[PDB]
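[1] model this:
(chains A and B)
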Amino acid sequence: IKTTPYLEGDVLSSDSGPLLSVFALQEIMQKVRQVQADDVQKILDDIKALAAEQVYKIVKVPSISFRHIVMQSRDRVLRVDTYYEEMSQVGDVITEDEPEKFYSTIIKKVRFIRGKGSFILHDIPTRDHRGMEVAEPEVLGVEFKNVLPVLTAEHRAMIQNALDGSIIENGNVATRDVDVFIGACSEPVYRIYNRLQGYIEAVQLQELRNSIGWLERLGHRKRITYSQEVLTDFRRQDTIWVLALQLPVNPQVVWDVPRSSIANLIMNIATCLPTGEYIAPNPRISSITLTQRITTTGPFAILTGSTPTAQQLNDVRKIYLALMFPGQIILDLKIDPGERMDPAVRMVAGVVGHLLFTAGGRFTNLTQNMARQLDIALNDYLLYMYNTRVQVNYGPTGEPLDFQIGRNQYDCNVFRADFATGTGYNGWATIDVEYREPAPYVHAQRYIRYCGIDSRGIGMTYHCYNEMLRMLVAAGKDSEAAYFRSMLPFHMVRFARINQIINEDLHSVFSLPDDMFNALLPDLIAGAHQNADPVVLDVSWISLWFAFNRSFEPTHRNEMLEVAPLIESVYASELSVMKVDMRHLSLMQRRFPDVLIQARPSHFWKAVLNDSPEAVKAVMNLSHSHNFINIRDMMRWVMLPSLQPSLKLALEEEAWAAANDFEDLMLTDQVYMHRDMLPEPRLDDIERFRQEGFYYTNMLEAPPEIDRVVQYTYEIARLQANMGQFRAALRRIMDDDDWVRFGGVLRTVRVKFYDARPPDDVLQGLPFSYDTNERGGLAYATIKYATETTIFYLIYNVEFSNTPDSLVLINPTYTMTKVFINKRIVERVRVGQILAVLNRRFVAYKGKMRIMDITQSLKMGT
Amino acid sequence: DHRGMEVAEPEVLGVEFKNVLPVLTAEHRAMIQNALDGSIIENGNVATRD
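    Numbers count the residues shown, from 1 in each chain, chains lettered A, B, ... in the order given. Sure, the structure comes next:
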């Protein structure tokens, strides 16, 4: 099957060009760009990647959560957990001038803790010892290698046997027996791991059966193309089932998002629209000699023999898109002052648009302007008269079609456009919407039938076509009357194919709800679109004639159709996660009023949308660029009740529950400034320095005293900077030797470990930045209240005593700032209790367990 | 945006006072700034437009 040829510049061609779905996507994006104007394969692949989303990581060995530092001694070593530094390094600079940056950073923090907390064990290694199953040293949550060579032999032996005593303990659960042992893990990720394990130990095989049944229901509805049943091999007891997602999605959740009509249309295009070809009713007629084709003289004879080019091809496929989407796509005429042509093409477009397009009834895909243009064009054609002379009887007004024509006085004024019933178009006294059975999607019960026919036709006509022929036989134009009489079956079969495409392939969650579809036309006639918004595209004149002379026959179905329930369920789960993120952000703001920063619903929405899958971000961005929202929409949408339960949402809720303590999130406000003479090694007598070593930090181990300390809130700091005595005040008060606090707001802090002398910036930086703008301003030099601040852990290398050139600070200097924390990050512990972190219960499934989920396993598709 | 509220910049207001800032004291500038920043922006509807 190949399309009928079209002229390309000077030579005919019959190639299909780009895909129809790609064309629709680029046309809609270009249109919305023009809307705002005062990659299509990338976005399609971004939508495709939504299926490949994976939440829980099946890992061989849990991540190491501790490490050690040893310095010239056997009794004690320093220990540190890596969780705090990994939590801190994902930070970003914070100012209260940017609430959206603030809350986007918080969202990044909680997403990081959720992602690092979600994991599970499958195939742990085992070793044997005297018939006892013992875990390997590497599977633990604590890694130690540097401590072994340096320690005294007795301590080495008494830690070696204790390490060897890590015997695997056996136990049984609902899935028979598994392996249990002790381990070490940090608190938040262990809480997330426990929550995930508790969800896993829940059993919902009945939910699996219901999901299978819904899949089969949708499958026999889509029995024309969807067929995949693999259930025969699933039933083996040596398996583990992870029901991470509930498949019977609820369309109300995804249809509650305000101004989401454009995004829903665009992603329905992405996931359902098929690819076709454009075929003439009589193939290969464009190759025969033109003398055969242009038989005589007339407007129809002039348009006969013309051939289209790429512009008309694109406009014809735009027309077909509008026909396949009645309630979302409307059309108008592309009008410019540069047009010049025969009015014959305008007359034929006028006479044919009444047959091709529908108005009134239950749905209309034309504008009032377009309907009026079609009416005046048909008036011009009916008044146009070249080979005969017949009588005409005009009416009282100057309206189009307000006359009577023919030997019998026949009223053509019915064909004047009216949206109340649709007399002049295909909605004229013919049923088009009907209900048969409860659909698998509970909001898309309707069936759309053009011209009242169903594919489940030879020689059938319909009402509008019958009175069209009645018009034309009253007008006495028997030439094109016979032409339309002969061309009837092609029109009927093409509209049957369009009906089949509309009713069968397009059934998805993204179809417009029935109430909104019925209320679209009242909103259109009223003029105020309070609920939904369609889009209107421009199309040329002769594209109508070429559309009536062409057809649409599919060749390749949409490849994404095999995972569309999966991607839509994931998409709804993402919406639910974002909504609960909004809720918990609002609650956290209420919970901590004195130190958090006030933001608006728009700020919260942008913050929660900043970290999101790319397809979701792009579709929301384009929808909200096309159509607007206000604070009222956010305040309503945050209060709506519906949610989509999921493992992802449960993990998010548990992440918030662990993040109730905002201080544990590597955020604080306990930053202080106080001059300390920076300690340095004496480096005079070599042997004692080698035996001792030295390490230092700016840690505040205890909170400072309530007296001899001042506070600077941001407003006082701003006013002092605007005055210009900020440096003087700080200088005098620090010459007074007092503590100072930069409290009021949350500051991100980084942590970093140093084995040598660092650059001077981290040594003696300041919590603020001071910039002296040009003289003659309103407010003089200004202050950025918060900037990069880094707590540092300085531990020198004893070997570098041979080369002090990289270790001497040349000239003595002061240390400027200090930070207070309450949690333990690095602590000095005696070697007698290194193993004191082995306090968490690790469980693991056997290797022979086959652990998976069929909803993600189905994506093979063969 | 100040304290979560939209406040217009001080130059949209048709008052020129850049010359008298260096003569005021601490308290005077404090009350002048406190009065100035409180001119929030309210929302309204005109001809069914926001």
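
[2] contact partners for whichever residue of the stretch 551-700 of chain A sits closest to chain B?
    In the stretch 551-700 of chain A, the residue that lies nearest chain B is residue A:598 (3.2 Å; CB to the nearest CB). For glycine as for every other residue, the C-beta is placed from the backbone atoms N, C-alpha and C. Counting by CB atoms under 8 Å, 6 or more residues apart in numbering or on different chains, residue A:598 touches A:99, A:589, B:3, B:4.

[3] redo the residues you listed as JSON lines? Include secondary structure.
    Converted to JSON lines, those look like this (DSSP: H, G, I helix; E, B strand; the rest coil):
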{"residue": "A:99", "secondary structure": "helix"}
{"residue": "A:589", "secondary structure": "helix"}
{"residue": "B:3", "secondary structure": "coil"}
{"residue": "B:4", "secondary structure": "coil"}
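
[4] farthest-separated two in those?
    Spatial extent of the contacts of residue A:598 (CB to CB) is set by the pair A:589 and B:3 at 13.3 Å.

[5] neighbours of the residue of the stretch 651-800 of chain A found nearest chain B, how many?
    Per CB to the nearest CB, residue A:778 is where the stretch 651-800 of chain A lies closest to chain B, at 6.0 Å. Neighbours of residue A:778 under the rule other CB atoms under 10 Å in any protein chain shown: 12.

[6] pull the contacting residues for it.
    Counting by CB under 8 Å, 6+ apart, residue A:778 has contacts B:10, B:18, B:21.

[7] recalculate using a threshold of 10 Å.
    Residues near residue A:778 by CB atoms under 10 Å, 6 or more residues apart in numbering or on different chains: A:722, B:9, B:10, B:11, B:17, B:18, B:21.

[8] with residue A:222 instead?
    Applying CB under 10 Å, 6+ apart, the residues contacting residue A:222 are A:440, A:504, A:505, A:507, A:561, A:564.

[9] which among these count as buried?
    The neighbour count (16 or more other CB atoms under 10 Å in any protein chain shown) marks A:440, A:505, A:507, A:561, A:564 as buried among those.

[10] spatially nearest residue to the last one (excluding sequence neighbours)?
    Just to be clear, that refers to residue A:564. The spatial neighbour of residue A:564 that comes closest, neighbours along the chain excluded (CB to CB, 6 or more residues apart in numbering or on different chains), is residue A:271 at 4.9 Å.

[11] right, and that neighbour touches residue A:48 too?
    Yes. Under the criterion of CB atoms under 10 Å, residue A:271 makes contact with residue A:48 at 9.4 Å.

[12] what sits in contact with each of the two?
    A:559, A:560, A:563, A:567.

[13] how distant is stretch A:556-564 from the center of its chain?
    Here the centre of stretch A:556-564 is set off from its chain's centre by 19 Å, with CA atoms, centre = their mean, to the nearest Å.

[14] stretch A:62-79 now?
    For stretch A:62-79, the distance to the chain centre is 43 Å (CA atoms, centre = their mean).

[15] ok, stretch A:224-239 next?
    30 Å.

[16] state the number of residues packed around the residue of the stretch 301-450 of chain A found nearest chain B.
    The minimum distance from the stretch 301-450 of chain A to chain B, using CB to the nearest CB, falls at residue A:368 (19.8 Å). Burial of residue A:368 is recorded as 14 neighbouring residues (other CB under 10 Å).

[17] list the contacts for it?
    By CB under 10 Å, 6+ apart, the neighbours of residue A:368 are A:332, A:359, A:417, A:419, A:524, A:525.

[18] is it true that the third one touches residue A:425?
    Yes. Using CB under 10 Å, residue A:417 and residue A:425 qualify as a contacting pair, with a distance of 7.4 Å.

[19] can you list residues touching both of those two?
    Both residue A:417 and residue A:425 are in contact with A:354, A:359, A:360, A:364, A:366, A:371, A:374, where contact means CB under 10 Å, 6+ apart.

[20] so how do I select the buried members of the shared contacts of residue A:271 and residue A:48 in ChimeraX?
    Burial among the shared contacts of residue A:271 and residue A:48 is assessed by 16+ other CB under 10 Å; the matching ChimeraX selection reads:
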select /A:560,563,567
